[PDB]
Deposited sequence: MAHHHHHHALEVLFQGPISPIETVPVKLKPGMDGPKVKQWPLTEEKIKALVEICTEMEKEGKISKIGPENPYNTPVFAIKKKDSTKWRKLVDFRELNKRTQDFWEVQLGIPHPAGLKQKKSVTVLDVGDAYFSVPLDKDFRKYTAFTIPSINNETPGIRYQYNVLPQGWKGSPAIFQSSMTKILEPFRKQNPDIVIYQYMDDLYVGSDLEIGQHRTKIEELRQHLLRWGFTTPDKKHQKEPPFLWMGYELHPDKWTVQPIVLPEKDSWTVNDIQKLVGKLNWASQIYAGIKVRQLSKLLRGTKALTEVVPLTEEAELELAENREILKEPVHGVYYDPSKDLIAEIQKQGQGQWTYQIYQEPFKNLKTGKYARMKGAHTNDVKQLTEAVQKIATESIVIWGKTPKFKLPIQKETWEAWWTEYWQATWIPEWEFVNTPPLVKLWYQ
């Protein structure tokens, strides 16, 4: 078959990102994997005259106890031409988030049957490191549509459509959405009856070449206000600063008849009785925060952004937005691994879950603002990553003035 011409965006050059250190078992997995891929012609060994590189590592899902090679092509994808400009990419079905159970399938291997534009292959180079630098790094580049490259689902688009047509025609009310290397497959079948149709789809695939989500239960988490019977000055200074911040999100929120309560230089633990106009002002503000914001709409042309705050007790709140203070979704992620005691694992899992929700809902992942030191994140996050995609992220140090989302 004939390769599709592919270019970087104008004025950009290929990725030049250093390989980071890898554990013994990840290096072993990759040597085994890349060796086998080399024999099958999917990659070729290259030298240092190719000046591009992309980090490579390996993940292993507990419920699939084999390793999965993961090339972090985030940089290459940012620099790759758009196929929306060139009319090859994928659309998002609005019905997927309506389904009762969504299963995630890794169909990365379907790409390895299509060759890649030979002028573009050099941009896919990666380097396998060596324990104690016993040897120089070993470099490969791709000869076929790589896993994790955004041009792969676009180029393989028409192929994937034809593979799936019989299944989608036989199961009209199952919704399949391709996101990168994954198929997101939702239906309203009883759980065991869902899993059987997934096995059927897996079979239709193997005649050419995870665990269950529940958008049903992705509740939104609002801004709540404390309920008590007695109120101190500090309770009301914290209530006011909170509502003042919230007046950047909601409309017509009032602080005048609660600030009045505090007039005077008062003791923080001084119990101040609510007036009836403060009770009116409070129960009123309470309801505005109850039901959601009027006038917030998804814009597919703009990026998604996700913020996360650590709240303790293994709890994690998050907001997804494209414009400041116009949240498309507020939520709260809670862990259950067992110990209670790994923040970086919890945050890494919170990030995969939030990004998974954006794919189901809007069809793409958000750029994350992560509440963690860059170097702490980079020391550990690959130990807990379980997805075939990686979202964009940046690192923020944001002291809470208000515990706004709790």
Please list, in sequence order, every stretch of the deposited sequence that lacks C-alpha coordinates.
1-20, 230-246, 444
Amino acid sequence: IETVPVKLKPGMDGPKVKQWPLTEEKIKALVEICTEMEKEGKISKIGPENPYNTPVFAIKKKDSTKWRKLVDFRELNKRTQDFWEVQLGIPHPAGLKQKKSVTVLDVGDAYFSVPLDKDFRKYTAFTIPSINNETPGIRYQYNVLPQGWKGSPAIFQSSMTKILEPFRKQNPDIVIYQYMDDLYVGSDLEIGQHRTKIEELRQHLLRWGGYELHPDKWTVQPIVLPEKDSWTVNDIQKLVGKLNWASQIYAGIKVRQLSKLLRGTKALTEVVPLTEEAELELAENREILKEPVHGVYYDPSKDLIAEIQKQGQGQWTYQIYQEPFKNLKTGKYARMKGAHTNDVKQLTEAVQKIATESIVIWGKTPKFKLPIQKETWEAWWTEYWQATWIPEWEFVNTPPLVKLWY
From here on, numbers count along this sequence of modelled residues.
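Take the two forms, superpose them, and find the largest set of C-alpha atoms that agree within 1.5 Å; that set is the rigid core.
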Which of 74-82 and 331-339 strays further in 8 other deposited structures of this protein - Cα RMS after rigid core alignment:
331-339
Determine, for stretches 226-234 and 317-325, which one has the higher mean CA B-factor as deposited.
226-234
On mean C-alpha B-factor from the PDB entry, just flag whether 327-335 or 279-287 is the higher one.
279-287
Based on what the PDB entry reports, which of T127, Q257, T161, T124 has the top C-alpha B-factor?
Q257
Comparing C-alpha B-factors across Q81, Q193, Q157, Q178 in this entry, the winner is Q193
Comparing against every modelled residue in the chain, figure out the third that the C-alpha B-factor of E349 lands in (lowest, middle or highest).
lowest
On the chain's distribution of Cα B-factors, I305 falls within the third called lowest
Would you mind ranking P153 by its C-alpha B-factor against the rest of the chain and naming the third, lowest, middle or highest?
lowest
Going by what the PDB entry lists, where does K99 fall on CA B-factor within its chain: lowest, middle or highest third?
middle
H214: which third of its chain by C-alpha temperature factor?
middle
